[PDB]
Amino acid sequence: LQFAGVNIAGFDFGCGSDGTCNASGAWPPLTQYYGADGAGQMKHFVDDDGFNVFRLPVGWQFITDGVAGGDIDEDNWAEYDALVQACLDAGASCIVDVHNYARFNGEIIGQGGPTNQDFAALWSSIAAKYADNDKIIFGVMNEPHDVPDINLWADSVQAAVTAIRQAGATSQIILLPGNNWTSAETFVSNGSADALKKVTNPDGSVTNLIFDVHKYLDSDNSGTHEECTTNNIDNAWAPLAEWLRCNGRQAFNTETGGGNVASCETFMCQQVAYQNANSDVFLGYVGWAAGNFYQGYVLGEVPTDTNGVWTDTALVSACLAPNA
């Protein structure tokens, strides 16, 4: 109810689930840079649909041109900032999502891979850009999975948070991701919640530290199927809210979606109706996948521009748009 948005993808392309980002394969979803009209996409999603925030996936490698640290490469950053500027210019809040699966080329941050410091550095720099700007929302890490020790991971996340506040980003939300691809279904049961509950700002508060969760509507939670089989209320959003409420904490669903078909319009509308009903514990949903996915993409949300007139995919206009 506070936020509803869509992921504008492209800078994440050739990012693998193992933290390897073929930083050649990055493809900015902006007219210029020879990609789709991501800016226009966002004008439309706000002005006509009532969307509010956009999530802008990008890889560590792109930000730094291949290095695990925080030395931001200016030419690449110029590209990525233009998208963030388009998101802000559209009137919305923007999640800056480092799309690395808690890894850097095969190896896990804090646990085999780059150190918590290598990582913290990164976020200091990102935060230093953008510190004053309160419409930014820092997404620490996208979809950690098969991590062996969650408390060490929560330590890595502490390190980022602390980096972020110390660069002056005092007013922003920071999203905190846990294990199993931050599945919302296992977020409490696997220890992600209790570990991440310990993460605090420098002054000792949890103000503006929101859990980051993801949930798809297909049998295997992959978001690779067109057809949908559930609304995740019974097994995910209900238990989650109970837990979230009694602990005085909030979560944010930064990835979800489904195919542009009947079964999904019924089941997604159910999930979104429930999520609004629990607006105290859930800050919002963000739908996975506009930007520069081709039309036949199974989870597609890219609208169409006909001489100024935009047209949404089925699922956005039937279910995901606040204006419906």
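Position 1 is the first residue in the sequence shown; the rest follow in order.
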Test of understanding: from the entry's C-alpha B-factors, which stretch has the higher mean, 145 to 153 or 222 to 230?
222 to 230
Compare the mean C-alpha B-factor of 119 to 127 with that of 246 to 254 as given in the PDB entry, and name the stretch with the higher value.
246 to 254
Maximum C-alpha temperature factor per the entry, among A39, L56, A290, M268, belongs to which one?
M268
Lowest, middle or highest third of the chain for the C-alpha temperature factor of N180?
middle
Among modelled residues of the same chain, the CA temperature factor third for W237
highest
Taking the values exactly as deposited, rank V281 by C-alpha B-factor within its chain and report the matching third: lowest, middle or highest.
middle
When the deposited Cα B-factors of this chain's modelled residues are ordered and cut into thirds, is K215 in the lowest, the middle or the highest one?
middle
When the modelled residues of the chain are sorted by Cα temperature factor, does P114 land in the lowest, middle or highest third?
lowest
